[PDB]
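S.K.: Below is one structure. I have some questions about it.
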Amino acid sequence: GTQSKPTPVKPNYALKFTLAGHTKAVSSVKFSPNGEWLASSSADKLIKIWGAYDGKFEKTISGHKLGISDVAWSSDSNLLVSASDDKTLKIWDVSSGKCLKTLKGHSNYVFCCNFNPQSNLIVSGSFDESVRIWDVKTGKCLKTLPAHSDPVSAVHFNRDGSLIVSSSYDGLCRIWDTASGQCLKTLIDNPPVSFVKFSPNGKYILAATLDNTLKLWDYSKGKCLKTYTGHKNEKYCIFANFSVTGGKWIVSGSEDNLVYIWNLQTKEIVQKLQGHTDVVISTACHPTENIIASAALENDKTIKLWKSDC
Amino acid sequence: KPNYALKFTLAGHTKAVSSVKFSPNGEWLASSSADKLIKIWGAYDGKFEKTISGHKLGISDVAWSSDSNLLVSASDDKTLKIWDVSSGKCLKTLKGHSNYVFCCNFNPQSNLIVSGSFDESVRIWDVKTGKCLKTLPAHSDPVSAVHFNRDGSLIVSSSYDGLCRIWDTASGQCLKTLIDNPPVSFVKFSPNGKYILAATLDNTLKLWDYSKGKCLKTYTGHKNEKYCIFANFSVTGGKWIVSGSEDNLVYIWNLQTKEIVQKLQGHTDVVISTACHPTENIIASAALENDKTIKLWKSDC
Ligand SMILES: COc1cc(CN2CCOc3c(cc(Cn4ccn(C)c4=N)cc3-c3ccc(F)cc3C)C2=O)cc(OC)c1
Ligand SMILES: COc1cc(CN2CCOc3c(cc(Cn4ccn(C)c4=N)cc3-c3ccc(F)cc3C)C2=O)cc(OC)c1
C-alpha cells in the first residue's frame, strides 16, 4: 500500500573495525567520494589508505618530511592532497602512491586543505595566516589571500567552487570569492573558530568555536539557526560533519574521547560513541552508507569504523 | 563540459510520471503522474518526503509558487488544484476547462496561474480567489505548454495546431504568432526573457529570438515525434539545453555550438520530463510507464 518516510529518533552506530598502524596521533580521516576508501593522515608523516567497508589496510603513502595535519580527495577519487608541517602540500596519485606535485609557498605549517568540486583547484590554510589557491595541473600558487590575523583552522569550497569559507583562531569566519580572491562576508565576541564547512545545500556553514559550541549559520542572513553543545572542545581543531545518508545528524569528535551525534533539527544528542582513549580529533561520514570513521590523538592512534541502520 | 552522473533513482509512482519540477528554494522536487498523485522528494538526497492526493484522474503537470509554499496541478479530471505543500491539503480547485488540463504555471509574483487544456483554451486564474479571470481562445488543437515571462507581463503558449503565440497577460490579447508547421510540443521563455525554446514533433528543438522572429539555434540528435517533452535552460554551470527523448536518454547540448555534450542513459522508457536545479548542477529526469522512476544526476561543472 502506501509509501512513507522513515523518521528515526536516533541512529545505532556500533563499532565494527579498529584500524591500527599509525605510530603517532592521527590528524585527519576522509572517505573517498566513490565510497571505496578511507584515507588517514598522521603526525607520523604518513598517509594510510584503508577499505571503507572492511577497514582493511591497503597502502601507506610517504614523502612528507614532517607531520601531516590534513588530507583530502579529488572528486574522481584518484588524487589526494596533503597538508604538512613541512610547509608544503603534496598531490598524490592514489593508485601508484607517488607524489605528483609539491605545493610550495606557505611560510609556516600547512594545517588544512581541500579540492574544489571540479578538482582543478586546491585551497589551503596555514599557520602563516594565509589561504592559498593552487592550480592542480601545474602545482603553482594562483592566489594568496591575506585571510586572517592568526592560524587558519579550516578551508572549504562550496558545491560549485565559487566560494571558499575560512576560519581562524583570530575569531573570524570569512567567505571568499574564488575567482577574485575578495572577501564577500565576515562573521564576527570572538572565541577561536576551530572548524568550518559549507552545508550540503550551500546555504549554511557549520562552525566550531573553542567554547564547546557548534553553530549552524545562514551566512547570507548572518543568523545562527541551530546550536549544538554538550561535548568538550576548548583546545583542539576538531572536524565536524553533516550526516545525510540516513537521519539528518551532526557529528563531531570531542576532548572527552567520544563521538557526539546530534539531531540537526532538534539539536538534541541522539548518540555518543565510546571506544577511543584520547581526543577524537577527526570524524568523517561515508558518502552513501551510514558509516562513521573516527580518529584519535597519540594515546590512542587508532581509527574506528562505526555502522548504523539509520 | 558537464559530467552528470546518476546519484538517485526515485521509485514510488505506479503509472507513468508526467512532470518533475524543482522548488525555487532548491530544497524539493515535485513529481506528477498518471497514478493521480503528486510526490515530493528531497532535491539533494532523493528521499521520499510525502504524497499529495485528491485528483480523480491522472495528472499531467505541476508547478511551484515563487515562495515554494504552494503547488498547482493540472489533471485529466478537467481541474487544477492549488495545494499547501506543508500540509498536503487542497486549498482550491480551479474549475472551468471542458477537457483535460495539460499544462500549468504560476507567474513570478505567484498571484496568477496560467493553464492550457485539450479544450484548446488557455486560462488565467486568480490564485487568491480561485476564479478564472480570463479564457483565451488560444489555439485550434490541444495546448502543449504555457509559460510566463520573467515579469509576468507575457504568456507563451504552444499547440499541436503548429502555432506558438505570445499573449499580453493584462488584456489576454495575442501579441505575436510564430507560424510549414509540425505540432509544437513544448515552449518556454529563457531566464533572460529575451528568447523562447520550442520543441516540434520532428525530432527538433529550436531557440527563437521572438522579438526578431528568427531561429538562432537548432538542436537535434534526440528523438521526439510523439510526445510533449519538457526542455530546459541549464544556467547553474555552463549554458546548456537539456531535453528528454523517446530513445530513453537525457540530451544535453552546448547552447552555442549546438553539440551534444552529454547523453544520460539509465531510463527504460521515454524521458518525458526534465528539470534543472535552480542553484546546483542537478538534473531531474522522469520516464513513462515502462520505467515510472525519477532519476537525479549531478555534475561538478
Ligand atoms: C594558536 O595555536 C593553535 C593551536 C592549534 C591546535 N591544533 C594544532 C596541533 O595539531 C592538530 C590540531 C588539529 C588537527 C585536526 N585538523 C587538521 C586539519 N583540520 C582542518 C583539523 N581540524 C590536527 C593536528 C595535527 C597536526 C599535525 C600533525 F602532525 C598531527 C596532528 C594531530 C590542533 O587542534 C591549531 C591552530 O591553528 C589551526 C593554532
Ligand atoms: C492530439 O493528441 C495529443 C497527444 C499528446 C501526447 N501526450 C499526451 C499523453 O500524456 C502526456 C504527454 C506529455 C506529458 C508531459 N507534459 C506534461 C505537461 N507538459 C507541459 C508536458 N510536456 C505528460 C503526459 C501525461 C498526461 C497525463 C498523465 F496522467 C500522464 C502523462 C504521462 C504527451 O506527450 C499531447 C497533446 O497535446 C498536449 C495532444
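Following the order of the C-alpha cells, chains are lettered A, B, ..., residues in each are numbered from 1, and ligands are numbered from 1.
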Tell me the residues of chain A close to chain B, meaning within 6 Å using only C-alpha atoms, as a list in words.
M.R.: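 Here they are: residues 5, 117 and 118 of chain A.
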S.K.: Find the spatial neighbours of residue B:292, counting only C-alpha atoms, within a cut-off of 8 Å - ignore same-chain residues fewer than 2 positions away - and output them as a list in words.
M.R.: residues 11, 12, 13, 14, 15, 16, 17, 286, 287, 288, 289, 290 and 294 of chain B
S.K.: I'd like the interatomic distance between atom 20 (C, counted along the ligand's line) of ligand 1 and atom CA of residue A:149, to a tenth of an Å.
M.R.: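 So the answer is 17.1 Å.
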S.K.: Hey, which residues come within 8 Å of ligand 2 if we count only C-alpha atoms and all ligand atoms? Could you give them as a PyMOL selection string?
M.R.: chain B and resi 15-19+32-36+57-62+75-76+102-104+117-118+141-146+159-160+185-186+226-230+272-273+288-289
S.K.: Write out as a ChimeraX atom specification each polymer residue (protein, DNA or RNA) that has an atom no more than 7 Å from ligand 1, with only C-alpha atoms and all ligand atoms counted.
M.R.: /A:25-28,42-45,66-70,84-85,111-112,127,151-154,168-169,194-195,235-239,281-282,297
S.K.: Output N, CA, C and O atoms of each residue in that selection to a file, as a tab-separated table (two decimals), in the first residue's frame.
M.R.:
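result_35.tsv written:
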```tsv
chain	number	residue	atom	x	y	z
A	25	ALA	N	49.86	10.43	16.66
A	25	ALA	CA	48.48	10.90	16.59
A	25	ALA	C	47.99	10.85	15.15
A	25	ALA	O	48.74	11.17	14.20
A	26	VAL	N	46.73	10.46	15.00
A	26	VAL	CA	46.05	10.59	13.73
A	26	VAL	C	45.49	12.02	13.70
A	26	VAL	O	45.11	12.54	14.73
A	27	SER	N	45.59	12.69	12.55
A	27	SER	CA	45.19	14.08	12.42
A	27	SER	C	43.89	14.23	11.61
A	27	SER	O	43.14	15.20	11.78
A	28	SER	N	43.63	13.33	10.67
A	28	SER	CA	42.52	13.51	9.76
A	28	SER	C	42.12	12.15	9.16
A	28	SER	O	43.02	11.40	8.81
A	42	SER	N	48.61	11.59	9.63
A	42	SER	CA	49.12	11.44	10.97
A	42	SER	C	50.35	12.32	11.18
A	42	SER	O	51.06	12.64	10.21
A	43	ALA	N	50.65	12.58	12.46
A	43	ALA	CA	51.91	13.18	12.87
A	43	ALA	C	53.10	12.29	12.51
A	43	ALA	O	54.22	12.79	12.53
A	44	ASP	N	52.86	11.00	12.21
A	44	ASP	CA	53.94	10.09	11.84
A	44	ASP	C	54.44	10.33	10.42
A	44	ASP	O	55.30	9.58	9.95
A	45	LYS	N	53.89	11.33	9.71
A	45	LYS	CA	54.36	11.76	8.40
A	45	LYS	C	53.81	10.91	7.26
A	45	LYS	O	54.24	11.05	6.13
A	66	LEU	N	57.73	16.05	7.57
A	66	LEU	CA	57.24	16.24	8.93
A	66	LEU	C	55.76	15.83	8.95
A	66	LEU	O	55.22	15.41	7.93
A	67	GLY	N	55.12	16.04	10.09
A	67	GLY	CA	53.77	15.56	10.32
A	67	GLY	C	52.77	16.15	9.33
A	67	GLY	O	52.96	17.24	8.80
A	68	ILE	N	51.66	15.41	9.16
A	68	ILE	CA	50.61	15.78	8.24
A	68	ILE	C	49.37	16.12	9.07
A	68	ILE	O	48.99	15.31	9.92
A	69	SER	N	48.79	17.30	8.83
A	69	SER	CA	47.59	17.74	9.51
A	69	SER	C	46.33	17.30	8.78
A	69	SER	O	45.29	17.17	9.42
A	70	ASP	N	46.35	17.23	7.44
A	70	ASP	CA	45.07	17.09	6.75
A	70	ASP	C	45.30	16.40	5.43
A	70	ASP	O	46.42	16.44	4.89
A	84	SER	N	51.06	19.66	5.41
A	84	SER	CA	52.14	19.24	6.28
A	84	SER	C	52.84	20.41	6.99
A	84	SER	O	52.94	21.55	6.49
A	85	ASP	N	53.37	20.07	8.17
A	85	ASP	CA	54.24	20.94	8.94
A	85	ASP	C	55.54	21.23	8.20
A	85	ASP	O	56.28	22.14	8.58
A	111	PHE	N	47.90	23.64	7.55
A	111	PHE	CA	47.03	22.99	8.51
A	111	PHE	C	45.84	22.31	7.84
A	111	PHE	O	45.35	21.30	8.33
A	112	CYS	N	45.32	22.87	6.75
A	112	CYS	CA	44.06	22.40	6.20
A	112	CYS	C	44.07	22.53	4.67
A	112	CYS	O	44.74	23.42	4.13
A	127	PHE	N	49.41	28.14	9.22
A	127	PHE	CA	49.82	28.88	10.40
A	127	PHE	C	50.37	30.26	10.01
A	127	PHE	O	50.53	31.10	10.87
A	151	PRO	N	46.56	31.63	12.87
A	151	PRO	CA	46.50	30.43	12.05
A	151	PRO	C	45.11	30.12	11.51
A	151	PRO	O	44.11	30.38	12.18
A	152	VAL	N	45.08	29.59	10.27
A	152	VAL	CA	43.84	29.23	9.61
A	152	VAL	C	43.48	27.80	9.97
A	152	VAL	O	44.27	26.91	9.73
A	153	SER	N	42.29	27.58	10.51
A	153	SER	CA	41.88	26.31	11.10
A	153	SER	C	41.18	25.40	10.09
A	153	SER	O	41.25	24.18	10.24
A	154	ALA	N	40.56	26.00	9.07
A	154	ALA	CA	39.81	25.24	8.08
A	154	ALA	C	39.59	26.06	6.82
A	154	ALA	O	39.48	27.30	6.88
A	168	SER	N	39.56	30.72	11.66
A	168	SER	CA	40.84	31.07	12.25
A	168	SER	C	40.69	31.26	13.75
A	168	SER	O	39.62	31.61	14.24
A	169	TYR	N	41.80	31.07	14.45
A	169	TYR	CA	41.97	31.40	15.85
A	169	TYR	C	41.76	32.91	16.13
A	169	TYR	O	41.60	33.28	17.28
A	194	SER	N	37.48	27.02	15.32
A	194	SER	CA	38.34	25.86	15.21
A	194	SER	C	38.01	25.02	13.98
A	194	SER	O	38.79	24.15	13.63
A	195	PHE	N	36.84	25.25	13.36
A	195	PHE	CA	36.45	24.47	12.21
A	195	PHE	C	35.28	25.13	11.51
A	195	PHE	O	34.40	25.69	12.16
A	235	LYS	N	40.32	23.19	23.07
A	235	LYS	CA	41.75	23.17	22.78
A	235	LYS	C	42.01	22.83	21.31
A	235	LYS	O	42.81	23.48	20.66
A	236	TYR	N	41.36	21.81	20.78
A	236	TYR	CA	41.77	21.26	19.50
A	236	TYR	C	40.80	21.69	18.39
A	236	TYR	O	39.60	21.94	18.61
A	237	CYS	N	41.35	21.69	17.19
A	237	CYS	CA	40.58	21.87	15.98
A	237	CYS	C	39.99	20.52	15.59
A	237	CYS	O	40.68	19.68	15.02
A	238	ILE	N	38.72	20.33	15.92
A	238	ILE	CA	38.04	19.06	15.72
A	238	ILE	C	37.09	19.22	14.54
A	238	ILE	O	36.31	20.17	14.51
A	239	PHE	N	37.17	18.26	13.61
A	239	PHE	CA	36.29	18.26	12.45
A	239	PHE	C	34.85	18.00	12.90
A	239	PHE	O	34.60	17.29	13.88
A	281	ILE	N	39.84	13.68	17.29
A	281	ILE	CA	40.23	14.88	16.57
A	281	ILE	C	39.48	14.96	15.26
A	281	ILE	O	39.29	16.04	14.75
A	282	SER	N	39.10	13.83	14.68
A	282	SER	CA	38.55	13.83	13.34
A	282	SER	C	37.43	12.79	13.25
A	282	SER	O	37.55	11.69	13.78
A	297	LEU	N	44.02	11.04	19.08
A	297	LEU	CA	45.37	11.51	19.29
A	297	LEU	C	46.22	10.40	19.91
A	297	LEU	O	45.78	9.25	19.98
```
